[PDB]
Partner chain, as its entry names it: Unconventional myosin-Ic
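Have a look below at one chain only, the form solved without the partner chain, in structure tokens format.
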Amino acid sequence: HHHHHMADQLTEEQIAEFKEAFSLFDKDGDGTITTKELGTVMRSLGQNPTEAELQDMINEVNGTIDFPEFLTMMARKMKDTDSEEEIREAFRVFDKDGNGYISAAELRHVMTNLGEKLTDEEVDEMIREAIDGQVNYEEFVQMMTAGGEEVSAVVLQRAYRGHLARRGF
């Protein structure tokens, strides 16, 4: 019926690169790898899934992974890696002294005055989830992962609204 695939988001070079790496881990040449190789082939390709991510991927699966499933796994993890990096860069934009912290006051301010402005209810929940009144934003990012300032603001608001949606259920 349909032709769409996550691999549509991959370049031809990536497909070839992922194919070479995958096959490098296929021992008996049956076109599949075992679940215990998944983490290592992903790392060999520059992706570092956490133990939880790996467990989630494996649960989606005779204990083997076929190539199209692997391409899908790669494409989805690459998307998450890119988003996570973008969220970190967006926070870094608002870290004026670059020390890895943002004041609760400053975070609340940029979230409500720039971009797709957070409501008082959204932002107050944000501050609650984020304080020692300093926000270690690296920790906040890891927690969410389970002008220049304008674009950065929207990155954070969309990331946070995504987190809120998941939490509402």
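Numbering follows the first chain given and starts at 1.
Separately, the form solved in complex with the partner chain exists; it is not shown, and the next lines address it.
With the partner omitted from this view, the residue of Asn48, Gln55, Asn136, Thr34 that lies near the partner chain in the deposited bound form is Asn48 [heavy atom within 4.5 Å]. Interface membership of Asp28, defined by any non-hydrogen atom within 4.5 Å of the partner chain in the deposited bound form, is ruled out. At the 4.5 Å threshold, heavy atoms of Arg92 reach the partner chain in the deposited bound form.
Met143 belongs to the set of residues with a heavy atom inside 4.5 Å of the partner chain in the deposited bound form. Put simply, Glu60 is far from the partner chain in the deposited bound form: not one heavy atom of it is within 4.5 Å. Taking the partner chain as it sits in the deposited bound form, the stretch 76-90 comes within 4.5 angstroms of it through a non-hydrogen atom at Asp82, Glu85, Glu86, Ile87, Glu89, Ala90.
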